[PDB]
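Listed below are the residues making up each chain.
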Amino acid sequence: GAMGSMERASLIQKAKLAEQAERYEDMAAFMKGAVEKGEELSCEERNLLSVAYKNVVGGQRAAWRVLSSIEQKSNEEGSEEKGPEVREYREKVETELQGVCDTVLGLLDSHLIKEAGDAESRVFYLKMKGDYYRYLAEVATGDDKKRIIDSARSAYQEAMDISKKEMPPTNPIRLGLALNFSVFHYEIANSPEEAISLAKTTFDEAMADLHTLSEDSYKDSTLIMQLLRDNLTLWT
Amino acid sequence: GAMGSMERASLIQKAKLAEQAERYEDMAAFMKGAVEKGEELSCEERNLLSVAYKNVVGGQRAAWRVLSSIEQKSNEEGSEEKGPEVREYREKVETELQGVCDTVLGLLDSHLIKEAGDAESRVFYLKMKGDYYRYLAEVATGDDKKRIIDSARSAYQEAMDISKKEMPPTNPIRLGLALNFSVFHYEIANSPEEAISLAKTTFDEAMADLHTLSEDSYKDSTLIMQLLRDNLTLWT
Amino acid sequence: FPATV
Amino acid sequence: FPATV
Ligand SMILES: *CC(=O)NC1CC2(CCN(C(=O)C3(Nc4ccc(Cl)cc4)CCOCC3)CC2)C1
Ligand SMILES: *CC(=O)NC1CC2(CCN(C(=O)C3(Nc4ccc(Cl)cc4)CCOCC3)CC2)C1
Ligand SMILES: [Mg+2]
Ligand SMILES: [Mg+2]
Ligand SMILES: [Mg+2]
Ligand SMILES: [Mg+2]
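To continue, consider the overall build of chain A. For chain A, the count of helices and strands is nine helices and zero strands. Reading the secondary structure of chain A in the N-to-C direction produces α-α-α-α-α-α-α-α-α. Scaling as 2.2 N^0.38, a compact globule of 236 residues should have a C-alpha radius of gyration of about 18 Å, and chain A matches this with 19 Å. Each principal axis of the C-alpha atoms in chain A carries an extent, and together these give about 60 × 50 × 35 Å. Across the 236 residues of chain A, 47% fall into the buried class. Contacts spanning at least 24 positions in sequence make up 68% of the contacts within chain A whose residues lie at least 6 apart. Summed over all atoms, the accessible surface of chain A reaches about 12,100 Å², with 47% contributed by carbon and sulfur. Separation of charge centres in chain A, based on 30 positive and 43 negative side chains, amounts to 1 Å.

Another aspect to go through is the interface of chain B and chain A. Contacts between the two partners involve 24 residues from chain B, matched on the other side by 24 residues from chain A. Summed over both partners, the interface of chain B with chain A buries about 2,100 Å², with 58% contributed by carbon and sulfur atoms. On inspection of chain B and its partner chain A, the count reaches four salt bridges. Residue B:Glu88 pairs with A:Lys14 through a salt bridge whose shortest N-O separation is 2.8 Å. Within the residue set of the side of chain B that touches chain A, elements represented by two or more residues are α1 (8-20), α2 (24-36), α3 (43-74) and α4 (85-112) of chain B. For the side of chain B that touches chain A, the element with the most residues is α4(B), which contributes seven residues.

This next bit is on the layout of surface pockets. It is the rolling of a water-molecule-sized probe over the atoms that shows where space remains empty. Taken as a whole, the largest pocket spans an internal volume of roughly 1,200 Å³. As for the largest pocket, its lining consists of 36 residues, and the residues nearest its centre are A:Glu22, A:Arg23, A:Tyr24, A:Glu25 and B:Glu25. Per-class residue counts for the lining of the largest pocket are 17 nonpolar, eight polar and 11 charged.

Attention now moves to the pattern of salt bridges. Here the structure, examined in full by the defined rule, presents 36 salt bridges over all chains. Of the charged contacts in the structure, one is a salt bridge between A:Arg174 and A:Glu205, with a shortest N-O distance of 3.6 Å. Taken as a pair, A:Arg174 in helix α7 (residues 172-187) and A:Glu205 in helix α8 (residues 192-207) lie far apart in primary sequence, 31 residues in all. Overall, the relative accessible area of 11% leaves A:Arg174 in the buried class. The exposure class assigned to A:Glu205 is partly exposed, which follows from its relative accessible area of 39%. In this structure, a network of salt bridges that share partners links the residues A:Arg23, A:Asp26 and B:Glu96.

Okay, the packing of α1(B) against α3(B) next. Residues and elements named next belong to chain B. In contact at an axis separation of 11 Å, α1 and α3 are set at 50 degrees when each is read in the N-to-C sense. The orientation of α1 relative to α3 falls into the category oblique. α3 is crossed by α1, and the crossing has left-handed handedness. Of the residues in α3, those in contact with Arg8, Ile12, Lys16 and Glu19 of α1 are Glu44, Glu45, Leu48 and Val51. Of the residues that constitute the contact of α1 with α3, the class distribution is three nonpolar, no polar and five charged.

Time to look at the relation of the copies chain B and chain A. Note on the identical chains: chain B maps onto chain A by a rotation of 180 degrees and an axial translation of 0.0 Å, with an RMSD of 0.0 Å. On this basis, the relationship between the two copies can be described by a two-fold rotation axis. No C-alpha of chain B approaches the rotation axis more nearly than that of B:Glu25, which lies at 6.2 Å. Comparing interface residues between copies, 100% of those in chain B also sit at the interface in chain A, which points to an isologous, same-surface contact.

Bringing the site of ligand 2 into the picture now. Taken together, B:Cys43, B:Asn47, B:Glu120, B:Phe124, B:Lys127, B:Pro172, B:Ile173, B:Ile224 and D:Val5 make up the full set of residues adjacent to ligand 2. Taken together, the residues near ligand 2 originate from chains B and D. In this structure, a nitrogen atom belonging to ligand 2 sits 3.0 Å away from a side-chain N or O atom of B:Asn47. Bound to the protein, ligand 2 loses 69% of the 600 Å² it would expose on its own. Within the residue set of the shell around ligand 2, elements represented by two or more residues are α3, α5 (119-139) and α7 (172-187) of chain B.

Moving on, we come to the site of ligand 1. Residues in contact with ligand 1, as listed here, are A:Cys43, A:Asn47, A:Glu120, A:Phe124, A:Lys127, A:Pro172, A:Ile173, A:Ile224 and C:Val5. At ligand 1, the nearby residues belong to more than one chain, namely chains A and C. A:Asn47 is positioned with one of its side-chain polar atoms (N or O) 3.0 Å from a nitrogen atom of ligand 1. Bound to the protein, ligand 1 loses 68% of the 600 Å² it would expose on its own. For the shell around ligand 1, the secondary structure elements donating two or more residues are α3 (43-74), α5 (119-139) and α7 of chain A. Of the residues forming the shell around ligand 1, the biggest block, three residues, is contributed by α5(A).

Take the interface of chain C and chain A next. Contact residues are listed per partner, giving five residues for chain C and 14 residues for chain A. Area buried by chain C at its contact with chain A is led by C:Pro2, C:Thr4 and C:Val5, which between them contribute 73% of it. Taken together, the links from chain C to chain A amount to zero salt bridges. Run the count over chain C and chain A and you get three residue pairs in polar contact. Here the side of chain C that touches chain A is built from residues that sort into four nonpolar, one polar and no charged.

Take the packing of aromatic side chains next. Tallying each qualifying case throughout the model produces 14 aromatic pairs over all chains. A centroid spacing of 6.5 Å and a plane angle of 75 degrees characterise the contact between A:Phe124 and A:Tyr125, whose relative ring orientation is edge-to-face. The pair A:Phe124 / A:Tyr125 is uniform in exposure class, with both members buried. Three or more aromatic residues link up through ring pairs in this structure, and these residues are A:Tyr156, A:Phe181 and A:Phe184. Over the ring of B:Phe203 we find B:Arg229; its NZ or CZ atom is 4.5 Å from the centre of that ring.

Analysis parameters
- Residues numbered from 1 in each chain as written, not as in the entry; some residues may be left out.
- Chains lettered and ligands numbered in written order.
- Heavy atoms only, no water.
- Helix = DSSP H or I, 4+ residues; strand = E, 2+ residues; numbered from the N terminus.
- Rg over C-alpha atoms; globule rule 2.2 N^0.38 Å.
- Buried < 20%, exposed > 50% of the residue type's maximum accessible area, 1.4 Å probe, protein only.
- Contact = heavy atoms within 4.5 Å.
- Areas by Shrake-Rupley, 256 points an atom, 1.4 Å probe, with all protein chains shown as cover.
- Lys, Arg positive; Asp, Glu negative; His and termini not counted.
- Charge placed at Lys NZ, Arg CZ, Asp CG, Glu CD.
- Buried area = accessible area lost by both parts, 1.4 Å probe.
- Salt bridge = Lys/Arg side-chain N within 4 Å of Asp/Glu carboxyl O.
- 1 Å grid on protein atoms, 1.4 Å probe; cavity = no way out; pocket = protein on both sides within 12 Å on 5 of 7 lines; lining within 4 Å.
- Points joined across faces, edges and corners; volume = space filled by probe spheres on them.
- Nonpolar A, V, L, I, M, F, W, Y, C, P; charged D, E, K, R; others polar.
- Axes fitted to C-alpha atoms, helices over the stretch in contact; angles between N-to-C directions.
- Parallel < 35°, antiparallel > 145°, perpendicular 65-115°, else oblique.
- Left-handed = near helix turned anticlockwise from the far one by under 90°.
- Least-squares fit on C-alpha atoms.
- Near = heavy atom within 4 Å.
- Polar contact = N/O pair within 3.5 Å; in protein donor to acceptor, adjacent residues only side chain to side chain.
- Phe/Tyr/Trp six-rings, centres within 6.5 Å; stacked < 30°, edge-to-face > 60°.
- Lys NZ or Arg CZ within 6 Å of the ring centre and 35° of its normal.

This is the structure we're talking about:
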């Protein structure tokens, strides 16, 4: 890797600089470099890694959705034939997106997950694994679609089982996981009832645990709770 | 080039798709491909080319300014020594930025400008040449700074001379050129009086010509006039 | 689209 | 920063 010759601490420092400059591709490349040094990531470093790739693939997904919409319209009755260009460019963006998901999944498999023993790290990495299989599933149309969807579900489920045993209901990682798995159910698995049930139960169990928190922990937990409420309002 | 095998019309089509998807790096690569086919660009195609590179370098400049500010603060009295990382990353972003300017200037020199005979094309390309030398000047600190600044001034001046002879005072290209050359004077050449004089005279001469325009031409011209007024308000 | 983090 | 186009 092109980051092989750079110090781990230098990579983390530059990832933070790239974040400030809103240079997410750079951020991601720095954090990939840091992961590949082979040491475990701290809490802060895990967050830098997730922020970087979330931003890169988030951009790609938005672009893919624009291009897909254009492509769908082109395949409607009455639409004039414009050639292969829209499909080719959607495919180009898709392939790049898949490439980034494969990279992230690569990092988690080699070897972030197998070394993650604490609940906060293992739940976090398994949530990411769920997420990047979910993005792959968004663009999947072939023989492997079902297996991709199940790979997402399996990762999310393992994260869920750990989170319920080892973390309080207000833990931001536990909350974030539940939020995303609930979206997985709604948007990928065609299970809107499961999506709603999950969001609701997660919200309610968190509400009942807020009394145990400091002001700052309260702020963190309630932020994510409002996102669960936002999704419930969208769906009901 | 990686675009050598793609049809000119396909490149233009994809540039437009990339614009819709806010994929400006892609847009720029497509338009570079189109230029390299060797045919002259139409009015629409010139605008796609400028939009693409304006967005790519605009992002780079914003990032460079963040990093430079951090670097300046690091070199202030009392600031703790953090190593070479901030300078290295600012340099990385700078080199990429310079690379993009060199690419654009390359396209204009080989061979967009020499084939541009109409006022609207030649003024446009010379304005771009001024612009990309101006961006190079923003980051220049060495032996060539003065020559870079003069390369910007020379391109802007030639564009200005043509625009005054061959275009009405409300022509959006003429207006855009004057706007940018005025900024060149303020920000690069340390000539705020010249910047102000230019913006003012351009504005006033445009105002006196608005009566000749249709509703739609009026809208276009006045939009850019307001940008001249915005700069004057900033500077006075 | 729904909220994710 | 000042406006350019
Ligand atoms: C050790 C540790 O917990 N570190 C991180 C997790 C953290 C919780 C608070 N966060 C958030 O609220 C947002 N991001 C996020 C990302 C991933 C998960 Cl699983 C949960 C939450 C950022 C602000 O917007 C709301 C979600 C930040 C990460 C602190
Ligand atoms: C043949 C021709 O004139 N084509 C283009 C030039 C054009 C004028 C109107 N434009 C604008 O007003 C904005 N962009 C711009 C870019 C470069 C120059 Cl030299 C002038 C103006 C876009 C909207 O925001 C204001 C400036 C668009 C390009 C039509
Ligand atoms: Mg495909
Ligand atoms: Mg249940
Ligand atoms: Mg340099
Ligand atoms: Mg004068």
